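Which chain is which? The protein sequence lines are B and A, in order.
Going by PDB author numbering, the first residue of the first sequence is number 22, and it counts up by one from there.
Going by PDB author numbering, the first residue of the second sequence is number 25, and it counts up by one from there.
Encoded as structure tokens, the structure appears first; notes follow it.
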Amino acid sequence: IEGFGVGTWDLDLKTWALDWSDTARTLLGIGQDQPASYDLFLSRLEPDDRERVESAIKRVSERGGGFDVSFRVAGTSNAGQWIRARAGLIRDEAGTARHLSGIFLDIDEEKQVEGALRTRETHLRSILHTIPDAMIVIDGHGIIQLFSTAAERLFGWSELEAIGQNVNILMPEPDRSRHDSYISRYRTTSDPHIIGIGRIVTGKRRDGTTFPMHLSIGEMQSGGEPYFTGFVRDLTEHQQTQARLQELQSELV
Amino acid sequence: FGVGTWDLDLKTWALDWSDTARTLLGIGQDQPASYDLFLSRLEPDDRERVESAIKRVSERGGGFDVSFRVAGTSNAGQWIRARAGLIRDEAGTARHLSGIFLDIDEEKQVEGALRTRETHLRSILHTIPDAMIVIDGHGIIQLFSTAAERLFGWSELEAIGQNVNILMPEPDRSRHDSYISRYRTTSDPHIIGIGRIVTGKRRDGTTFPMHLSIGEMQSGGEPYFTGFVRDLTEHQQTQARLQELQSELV
Ligand code: HEM
Ligand code: HEM
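Set out below in structure tokens:
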């Protein structure tokens, strides 16, 4: 009754009478002196939301596994109050269901977090598609987790084809069979290793051909598992113009 | 109703919960409710917090909301947010504390997803070999990778909030804001994705040739551009030395 921070409400399917808590009045942004009314409640929600609330009450009117819908109000000039209305069915007797009761929750923090994740997910899509160098993300066991657009073009495998496979499918032997051991060896020593030391190695495409490449790796930790983000740089063109330059330089010396 | 209800009156120290409330805590249907059993589902760290929280609500009365995870079904857990308020028997006596149990497994799953994304972003910014810059729809720098700090001579704290034009020489420096707005208004076959060689300028005042790849995205009604800068100083010196050796032989 006091404090809490959550509002409560009550509504009867028959006679459409509504009674909300004092803490719930503040959530709706109106109600300093006006009494509670079903019409007043639907007058605060936006038109599309109002329709959703009506379908929800009808859904719970006939059967209905609970009631929970979220909507935003126009409480302040440049901000909205996100509210998650939850309610439950309580019948009088075996005859009918006469009054739905529930609570009003403030989900402003929950919506800000949801939005933040959406922005991050969208950005990752953009990065994966835009980045010119092949970007590959593996897990502690070498299982590919992300495979950028450039990785597809360079290695010949699509993301759907590469995700879930071991990163060793991108290299020829003997590295292919010994790569798994290379990862487990680094996870035990835990010293300032080749992570951040670009060394040139050779990768293999699905095609079967091979090419010289430089890789940069960055480690991260999440949920008890480490993940490695690789950035591949193809050196085929660099090594050939460097060879033709060092060959056209030896035509006189 | 997928929410639980419960009340722990300070007087008599009893505790009764609803049917959905016991299912959330992972308690047998036959077992009876009690304050002792409730604290037995929480782990020691969480248990201490709830007890100190109850001691604080009694000696204040400003509500009580705590989140914890119980070992519901071995492998994983059930995240529960317990929120409650206190009812007063008389003018100066607080007697009951009533509230609800909420399932926050999905809410906690979103928090963890965001955290992984934020940690991965920091990893990319620190590890990406090419300079990575992210700007808003008005050219204001939002993100500045480690490589961008070394190439342009600005720190991420110094660069963030500045117009991206501080990295360019004239005349691009003055017309860059126009290239952005003329793109947003007439978005069609522009050079966003096609990267021609452009000239960048470090904080020194020194300039270098560069190629840039851009990617656009939308978030909250506003566009954002992610650029990847590739310094062409070495590439140009190399191929310039190719024509300085292929034409000198006449
Ligand atoms: C595509 C061709 C690749 C080849 C041929 C290759 C080969 C190798 C080799 C030879 C080593 C050991 C170096 C040494 O002991 O001197 C190594 C280590 C390692 N590689 Fe790969 N690698 C490739 C791609 C990747 C990618 C894309 C990632 C991660 C996204 C990765 C993750 C690792 C890790 C975590 C280690 C151990 C840590 C370290 O020593 O730096 N590899 N790899
Ligand atoms: C630092 C050196 C940079 C220079 C010298 C430069 C210069 C230019 C030039 C010459 C154009 C095209 C004008 C035309 O089409 O006639 C342009 C357009 C544009 N640039 Fe930049 N730019 C630089 C960096 C960036 C960065 C880092 C970003 C974003 C991350 C960016 C975003 C854009 C956008 C959004 C447009 C308009 C869309 C388009 O026409 O492609 N620029 N800039």
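Cβ atoms here follow ideal geometry from the backbone N, Cα and C, with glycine treated the same way.
Can you have a look at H144 of chain A and say buried or exposed, based on whether 16 or more other CB atoms are within 10 angstroms of its CB?
buried
From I159 of chain B to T209 of chain A, what does the alpha carbon distance come to, in whole angstroms?
40 Å
In whole angstroms, what is the alpha-carbon distance linking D31 of chain B and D69 of chain B?
If you take the alpha carbons of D31 of chain B and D69 of chain B, they lie about 23 Å apart.
Enumerate, from N- to C-terminal direction, the unbroken alpha helix (DSSP H) stretches of 4 or more residues contained entirely within the segment 31 to 57 of chain B.
With a minimum length of 4 residues, the continuous alpha helix (DSSP H) runs that stay inside the segment 31 to 57 of chain B are 43 to 49.
Any heavy atom of ligand 1 within a distance shorter than 8 Å of the CB on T143 of chain A?
no
Please list, in chain order, the chain A residues whose beta carbon lies closer than 9 Å to that of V134 of chain B.
Annotation: Cβ neighbours of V134 of chain B in chain A (cutoff 9 Å, chain order): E131, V134, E135 and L138.
By the criterion of Cβ-Cβ separation under 9 Å, what are the contact partners of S243 of chain A in chain B?
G136, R139, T140, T143 and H144
Of the choices A:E75, A:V74, A:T117 and A:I104, whose alpha-carbon is the least far from that of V27 of chain A?
A:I104
At a cut-off of 8 Å, is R199 of chain A close to ligand 1 when judged by its beta-carbon and the heavy atoms of the ligand?
no
Out of B:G185, B:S179, B:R71 and B:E246, point me to the one whose CA is closest to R226 of chain B's CA.
Of B:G185, B:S179, B:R71 and B:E246, the smallest CA-CA separation from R226 of chain B is found for B:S179.
Alpha carbon to alpha carbon, how far is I218 of chain B from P195 of chain B?
21 Å
So, using beta-carbon positions, are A118 of chain A and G87 of chain A closer together than 9 Å?
no
9 Å is my cut-off, CB to CB: does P233 of chain A come that close to chain B?
Residue contact with chain B for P233 of chain A: absent (no Cβ-Cβ distance below 9 Å to any residue of chain B).
Are there three or more Cβ pairs, one per stretch, closer than 8 Å when the segment 246 to 255 of chain A is compared with the segment 162 to 176 of chain A?
The segment 246 to 255 of chain A vs the segment 162 to 176 of chain A: in contact.
Closest Cβ-Cβ distance between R227 of chain B and chain A: below 9 Å?
no
Which parts of the segment 131 to 195 of chain A are runs of the alpha helix (DSSP H), unbroken and 4 residues or longer, counting only runs that do not cross its ends?
Every alpha helix (DSSP H) of 4 residues or more that sits fully in the segment 131 to 195 of chain A is shown, in chain order, as 170 to 176 and 180 to 183.
Is it right to say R107 of chain A is buried, meaning 16 or more other beta carbons lie within 10 angstroms of its own, or is it exposed?
buried
Measure the C-alpha to C-alpha separation of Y59 of chain B and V74 of chain B and round it to an integer number of angstroms.
About 11 Å.
Comparing the C-beta of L266 of chain A with each C-beta of chain B, is any distance below 9 Å?
yes
Give every residue of the same chain whose Cβ lies closer than 6 Å to the Cβ of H120 of chain A, excluding the five residues on either side of it in the sequence, and list them in chain order.
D31, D33 and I111.
State yes or no: is the C-beta of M156 of chain B nearer than 8 Å to some heavy atom of ligand 2?
no
Taking the DSSP output, what are the residues bridged to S237 of chain A?
A:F252.
Would a check of beta-carbon distances place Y248 of chain A closer than 9 Å to chain B?
yes
Using a Cβ-Cβ distance under 9 Å, would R254 of chain B count as near chain A?
yes
Per the contact definition of three or more C-beta pairs closer than 8 Å, is the segment 228 to 240 of chain A in contact with the segment 235 to 243 of chain B?
no
When the Cα of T230 of chain A is compared with those of A:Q261, A:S202, A:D212 and A:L191, which residue comes out closest?
Minimum Cα distance to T230 of chain A is reached at A:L191.
When you compare only the Cα positions, how much space is there between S211 of chain B and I164 of chain A?
Roughly 39 Å separates the two Cα atoms.
Is the segment 129 to 143 of chain B touching the segment 39 to 51 of chain A, taking contact as three or more C-beta pairs under 8 Å?
no
How big is the Cα-Cα spacing for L48 of chain B and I148 of chain A?
41 Å
As a quick exercise: from B:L63, B:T36, B:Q166 and B:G50, pick the residue whose alpha carbon is nearest that of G185 of chain B.
B:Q166
For a contact defined as C-beta to C-beta under 8 Å, what are the partners of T262 of chain B on chain A?
Neighbours of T262 of chain B on chain A, chain order: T262, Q263 and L266.
Residues in its own chain within less than 8 Å of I221 of chain B by CB, not counting five upstream and five downstream?
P233, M234, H235 and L256
Taking the alpha carbon of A38 of chain B as the point to measure from, which residue in B:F25, B:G50 and B:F62 has its own alpha carbon closest?
B:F62
Using the beta-carbon of each residue, which ones in chain A are nearer than 7 Å to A172 of chain B?
Those within 7 Å of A172 of chain B in chain A number zero; the least Cβ separation is about 14 Å.
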